[PDB]
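Trainee: Before anything else, here's the structure in question.
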Amino acid sequence: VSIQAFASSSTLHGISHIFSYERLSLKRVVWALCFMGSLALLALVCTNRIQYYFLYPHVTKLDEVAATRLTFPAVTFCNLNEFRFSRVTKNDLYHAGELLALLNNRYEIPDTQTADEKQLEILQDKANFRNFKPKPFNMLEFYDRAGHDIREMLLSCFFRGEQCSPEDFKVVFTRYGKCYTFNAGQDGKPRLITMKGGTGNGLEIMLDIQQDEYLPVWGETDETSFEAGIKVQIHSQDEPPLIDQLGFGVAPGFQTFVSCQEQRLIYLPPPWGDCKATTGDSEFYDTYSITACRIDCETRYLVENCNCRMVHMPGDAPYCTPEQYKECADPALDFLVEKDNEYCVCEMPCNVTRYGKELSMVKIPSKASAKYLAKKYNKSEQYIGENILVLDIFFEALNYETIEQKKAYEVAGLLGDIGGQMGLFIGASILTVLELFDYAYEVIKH
Amino acid sequence: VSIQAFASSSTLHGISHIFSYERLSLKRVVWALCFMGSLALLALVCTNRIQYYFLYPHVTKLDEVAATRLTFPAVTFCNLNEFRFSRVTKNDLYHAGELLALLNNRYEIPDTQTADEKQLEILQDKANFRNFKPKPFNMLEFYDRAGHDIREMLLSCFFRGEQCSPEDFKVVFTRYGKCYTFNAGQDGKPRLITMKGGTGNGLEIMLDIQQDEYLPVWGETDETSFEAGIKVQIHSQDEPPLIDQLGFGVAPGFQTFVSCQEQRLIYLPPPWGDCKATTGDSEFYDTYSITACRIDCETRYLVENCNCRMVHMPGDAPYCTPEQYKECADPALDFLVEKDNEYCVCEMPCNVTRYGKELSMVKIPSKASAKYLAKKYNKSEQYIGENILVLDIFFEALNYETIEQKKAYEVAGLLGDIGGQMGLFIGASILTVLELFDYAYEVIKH
Amino acid sequence: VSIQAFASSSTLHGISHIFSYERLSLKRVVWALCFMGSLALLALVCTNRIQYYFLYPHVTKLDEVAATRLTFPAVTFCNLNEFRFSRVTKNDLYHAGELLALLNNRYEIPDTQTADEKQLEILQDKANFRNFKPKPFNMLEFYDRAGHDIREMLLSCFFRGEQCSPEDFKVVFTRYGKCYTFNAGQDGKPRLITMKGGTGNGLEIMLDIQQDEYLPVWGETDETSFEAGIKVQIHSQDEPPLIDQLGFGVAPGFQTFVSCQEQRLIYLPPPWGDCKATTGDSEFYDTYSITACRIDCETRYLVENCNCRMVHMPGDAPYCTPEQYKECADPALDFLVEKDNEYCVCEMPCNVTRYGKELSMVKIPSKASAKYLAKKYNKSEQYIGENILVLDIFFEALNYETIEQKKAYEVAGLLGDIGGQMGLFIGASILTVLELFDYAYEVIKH
Ligand SMILES: *[C@@H]1O[C@H](CO)[C@@H](O)[C@H](O)[C@H]1NC(C)=O
Ligand SMILES: *[C@@H]1O[C@H](CO)[C@@H](O)[C@H](O)[C@H]1NC(C)=O
Ligand SMILES: *[C@@H]1O[C@H](CO)[C@@H](O)[C@H](O)[C@H]1NC(C)=O
Ligand SMILES: *[C@@H]1O[C@H](CO)[C@@H](O)[C@H](O)[C@H]1NC(C)=O
Ligand SMILES: *[C@@H]1O[C@H](CO)[C@@H](O)[C@H](O)[C@H]1NC(C)=O
Ligand SMILES: *[C@@H]1O[C@H](CO)[C@@H](O)[C@H](O)[C@H]1NC(C)=O
């Protein structure tokens, strides 16, 4: 009814003394100042937590979960040479000879300074082109044959002390050519596990990089490979190999323990964080990752721009000849990487498992095992120090760190800190706001 | 008294207009819907924060505390050979000859291919067993004598620029045998400190791995050691050495700065996190850690299963002969590691100090110091490149990172977000719930 | 007016039934116990969150921001020799000969054991001092000339596949002498960027450490340098080089991919955390960092204590002669580092960008490129393996991790959890406390 009658019976805390049934005194203004200030101190502090929730913040919980049976990560490796030298042929030097950086522009040799007599004359019968009847070419078939064969390289593999197999090593194709993948987990093979830490309860391979089978550099080229040794990218079984980008290396003559530490990272979907919220099954890979998007970003580009695919690409498109490489494929990489890089962006999913690495090198061989390794694989003693390496990937302990992001302020924490200060300053509620609306609805009709 | 009389004078916000002293109108149901909804919106949002507190969550605070006098971590190392070759004896080849992988099953030699004439005939008088009167054996005494002696290996140790001592190096026993521990901190010696970073204000040892004193491999065995170089585990002084598991290595001929970074990790006790809440003094180590539990997990097993202890074990039990090794001890490791691994689990304590490591190799020696290092220790020039290494462990700066876990939601934050939304939705309290009980207690008696 | 009249009309929840207009019964004490307990349960729980806010806590948010154009960090390097041997002179051996550890106390040679005939006689005409007319000396001018020249060392630099320049390498001065800085960003040059990851889209230098130009060690000195190879500190362009402290190394004959990962760390100002809150422009560096404070901590010390500055110091003070080095400068370092270390402390600012590093070594050269690298730079084959190295610094992917510290409890979260439990326990507000003061103000006047 009356304003002095309504304010004497409502649930607000200040109006019972402002609008009292008494004359105007000094107490009415000290209740007016202390209510109009405590309504303004509620106003700029409640709008803090509203705008703080509107940022959608999140802080991270780290934890070290202990386990017993961890999975082994897919040890993916290949030699830093593209392909062997004794497995190239005269027909191989015709369709793809200029691209392999041993030929000039007119399908002839560059300057033959610092070329051995036995090294040049094995190449010299390959570059006759006299009554040359060519054969049909395929760049995938060239990387199948001329690449480094697994049954020649790997002297002794191991896993958890048990023996290994070159049939367990699964071929892939990257920018370095014929690359293999231990513990791939595809083709129905279950991913192997580990039950202990230490240097013996992981992979232990003993490779042979075949330094005599490297491409002899005679002319200064753009992409000559001076180094010897392999390159390794450690990843989960879902992510395709990206050895060209995410790969470290080990040296020959250096047994290299690479201690991993399994991490299980969990991000948040928008609007909290940035992850691929759904699964997002890509067109040429059954699962999604940060790399499987990136090769699918490049595969659909080179099909729509050059009507073929490279040898390191998934799908079923036919492989580009070196006629398509020197004219279409290579000018279309830098046209996307440099110019149109903002047209394609991959959102990393928020269930990702990574593997750190802590390097440590030990020199192989000792002199006590020097003469033993020479005869046991029919090699010279000078051959052993610069061809034979050992890699060793394991886990420190059976535990994995998790890096998960907790939402720092949900809507249930906002309601606890709106009325946590709404009740502190004026004592109202959602019903008191509806109560003040229910009195003002009666005043406007009278 | 009456329901219209009680609701007109209570502290709830909605019942003053639902149960008014007026006829049934459209305002009674719009106060009934807006109260039965604001009682249900309180119901499913307060049960969010109750169940969120019942998970006992925690998020982590990272901080980089700066300091002046950091402690130096216990640099623990041993050569990757088990024991020397010139310090084995005919009696040593009888009681423990087959276990050291130089003998066949009938206490005879394996195939002697790739064996030098001077290397075989020093072994050939050890394996006579003709009128052989044996001596009493002890596997701890064999690892005391035949192991790599510290006064022969370490050419020059240093610490903070000041000189060092082989008497400061303290012997332990691991799976590799005679291992030493710089800055052990036990036997009343105070743990040394550092007052600066950089490569000169830490340890700088110059070892000599004695590659001529390695075990010559002639037959293909299960545990032949091809590599040369040492293995190092960095740890705090409390934790016992676990070089077999938590150890990295450095190579010979390679001065290897190993930059540490001191971390002081703090976890939470249950039910927040998982730590050993109390101290938990183990039976054979004065302090508790993740490793001291694990060796105590293995020591009590092999005493209860084989009535002895291994050479890398604490306590006072007598050491197992190789008769007990080939028949009891080795079959009881894999019976616990593979089968009964779930019977024993070590809870890592929540006051743990760790040390990261960032490797970096520099080749030693230069040609300017090549001929100097040859004569100054009476060594050949070919000996220097493959025997002499330098390790260098220090800190980057005088600061330690801390990784501590804050309890993200205590009971004082739950009470602020129960009544933070209880006062927002219905305006009640704990006393209003007691007030509604105090009116309903009067109704049931009338 | 009356206490039974005031409590029947106030906004507290308990006083309406304690001070009722009825005789003393059992309900008055059960409302007295349940109010004096719910006033005490508010008391010790509200003082929890008050003292929890008074600690000013903070928890950290980790995030992995993806980007396209990252900046390249300033690759700062220098050879581990101080200066060349063929660029020292007779006058250079007079003013500074004893300090370079080739002379005795009486300006004569130490013991010449293990000294070559061609190596001693090139030094022997430098140490005549017979009718010696000296030249004016400057230690900055000695480190300009006698140091390792960039145009002799760097065989081939690269960046993003494009060519490089020795004019892009900018000289600085550290404890190792003549040090250079790729991508320095000073002198108006804009800091270069990267648009891709992988081993080819970063720096790729091919140095030549000039192992024939090292100082030949003949006598056992305090600071002889046995090792060969360079030292590298990766940092942002703002921070001055601190290669002596924050530097890792790479070896010769070892192509060493050093995979970075850009981090953008953000701390908090006091009283939350510890950072330099303002900019804090130092006296001799235009920007502030943790290192630029430390050299400014040492520059103002040695000017106020020795009236000069060292060669690795900023400013405009004249450089100290070796007369000032052996008598003033060296005794004033350890007088500050060991004794007065607590007089100077640098507060690290809270906008700091760091760069991690993940090492990986690959052996260079292969035998296929062995004879090519010998003639192409007019070097012997034995020279190539122990002088030629390659360093390679890049990024894994175009993304940077951020480690920022969120204030875990602001004043708006305190007010939500004071009245969140003030409204829960007694239902009061800030006005009810003023209401109880407004009744007690009337009682004391009557
Ligand atoms: C991510 O993993 C969590 C368990 O760690 C699971 O509950 C969730 O469903 C997963 N999400 C996706 C999209 O795979
Ligand atoms: C070992 O290699 C040599 C060539 O160096 C060859 O003549 C010999 O037949 C090989 N022996 C075996 C058993 O492979
Ligand atoms: C752990 O360390 C903290 C200080 O960092 C100390 O207050 C606490 O008592 C310690 N707890 C145990 C169980 O040692
Ligand atoms: C140095 O070693 C040789 C053996 O190579 C030995 O004959 C000689 O006596 C040794 N000299 C010293 C001083 O130890
Ligand atoms: C620090 O960086 C943030 C952006 O990352 C910026 O908003 C802030 O002003 C910076 N503060 C200082 C002192 O440079
Ligand atoms: C190459 O070096 C030799 C000395 O080893 C020198 O005699 C010759 O003139 C040099 N040639 C060139 C082209 O620099």
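Going by Swiss-Prot, the residues shown for chain B are 17-462, listed in order.
How was it done? The header gives electron microscopy, 3.7 Å.
Placed from the backbone N, Cα and C atoms, the Cβ positions cover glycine too.
The annotation transmembrane segment is assigned in Swiss-Prot to B:50-71, B:425-454 on the grounds of a large-scale study or a structure entry. Swiss-Prot lists B:72-424 with the feature topological domain 'Extracellular'. Residues or ranges marked as site 'Involved in channel desensitization' in Swiss-Prot (evidence: experimental evidence): B:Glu80. The feature disulfide bond is assigned by Swiss-Prot to B:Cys94-B:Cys195, B:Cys173-B:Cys180, B:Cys291-B:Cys366, B:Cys309-B:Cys362, B:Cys313-B:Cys360, B:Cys322-B:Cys344, B:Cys324-B:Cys336, with experimental evidence given as support. The site 'Involved in proton-dependent gating' annotation in Swiss-Prot covers B:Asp356. Annotated N-linked glycosylation site per Swiss-Prot: B:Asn367, B:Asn394, in sequence order.
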Trainee: Are there residues at least 6 beyond the ends of the transmembrane segment (B:425-454) whose Cβ is under 8 Å from a Cβ of it, and what are they?
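Mentor: Answer is 26-30, 51, 54-55, 57-58, 61-62, 65-66, 68-69, 72-73.
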Trainee: Compare the Cα of B:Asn394 (N-linked glycosylation site) against each of the disulfide-bonded residues B:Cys195, B:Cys313, B:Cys324, B:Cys360 and report the nearest.
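Mentor: Of the disulfide-bonded residues B:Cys195, B:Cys313, B:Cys324, B:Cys360, B:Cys195 has its Cα closest to that of B:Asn394 (N-linked glycosylation site).
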Trainee: So, in DSSP terms, is B:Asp356 (site 'Involved in proton-dependent gating') helix, strand, or coil?
Mentor: coil
Trainee: Would you mind sorting out which recorded positions among B:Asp356, B:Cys360, B:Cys362, B:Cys366, B:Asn367 put a C-beta under 6 angstroms from ligand 3?
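Mentor: Among B:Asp356, B:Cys360, B:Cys362, B:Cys366, B:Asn367, near ligand 3: B:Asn367.
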Trainee: What three-state secondary structure does DSSP assign to B:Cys94 (disulfide bond)?
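Mentor: It is in a strand.
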Trainee: B:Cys291 (disulfide bond): which of the recorded positions B:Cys313, B:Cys324, B:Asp356, B:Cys360, B:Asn367 have a C-alpha within 10 angstroms of it?
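Mentor: Within 10 Å of B:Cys291 (disulfide bond): B:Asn367.
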Trainee: Given the glycosylation sites B:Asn367, B:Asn394, which one has the fewest other C-beta atoms within 10 angstroms of its C-beta?
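Mentor: Among the glycosylation sites B:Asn367, B:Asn394, the sparsest Cβ neighbourhood within 10 Å belongs to B:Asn394.
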Trainee: Please work out the number of neighbouring Cβ atoms within 10 Å of the Cβ of B:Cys313 (disulfide bond), leaving out its own Cβ.
Mentor: 15
Trainee: Would you mind sorting out which recorded positions among B:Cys195, B:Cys362, B:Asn394 put a C-beta under 6 angstroms from ligand 4?
Mentor: B:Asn394
Trainee: Measuring Cα to Cα, how many Å separate B:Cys360 (disulfide bond) from B:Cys94 (disulfide bond)?
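Mentor: Computed Cα spacing between B:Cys360 (disulfide bond) and B:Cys94 (disulfide bond) is 28 Å.
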Trainee: Between B:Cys366 (disulfide bond) and B:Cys180 (disulfide bond), what C-alpha distance do you get in Å?
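Mentor: Distance (Cα to Cα, whole Å): 34 Å.
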Trainee: Nearest to B:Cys313 (disulfide bond) by Cα distance: which of the recorded positions B:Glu80, B:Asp356, B:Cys362 is it?
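Mentor: Result: the closest of the recorded positions to B:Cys313 (disulfide bond) is B:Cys362.
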Trainee: Whole-number Å only: compute the distance from the Cα of B:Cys173 (disulfide bond) to the Cα of B:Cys94 (disulfide bond).
Mentor: 15
Trainee: Pop the Cα-Cα gap between B:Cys336 (disulfide bond) and B:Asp356 (site 'Involved in proton-dependent gating') into the table, whole Å please.
Mentor: 22
Trainee: In whole Å, note down how far the CA of B:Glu80 (site 'Involved in channel desensitization') lies from the CA of B:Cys324 (disulfide bond).
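Mentor: Here the two Cα atoms lie 47 Å apart.
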Trainee: Check the disulfide-bonded residues B:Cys195, B:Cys291, B:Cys360, B:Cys362 for other C-beta atoms within 10 angstroms of each C-beta and report the one with the most.
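Mentor: Per the Cβ count within 10 Å, the most buried is B:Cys195.
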Trainee: What's the CA-CA gap between B:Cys195 (disulfide bond) and B:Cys180 (disulfide bond) in angstrom, rounded?
Mentor: 18
Trainee: Among the recorded positions B:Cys94, B:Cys309, B:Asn367, which ones place their C-alpha within 10 angstroms of the C-alpha of B:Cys322 (disulfide bond)?
Mentor: none
Trainee: Helix, strand or coil by DSSP: which one applies to B:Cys313 (disulfide bond)?
Mentor: helix
Trainee: Do you know offhand how many angstrom separate B:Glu80 (site 'Involved in channel desensitization') and B:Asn367 (N-linked glycosylation site) by C-alpha?
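Mentor: With distance taken Cα to Cα, B:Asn367 (N-linked glycosylation site) is 17 Å from B:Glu80 (site 'Involved in channel desensitization').
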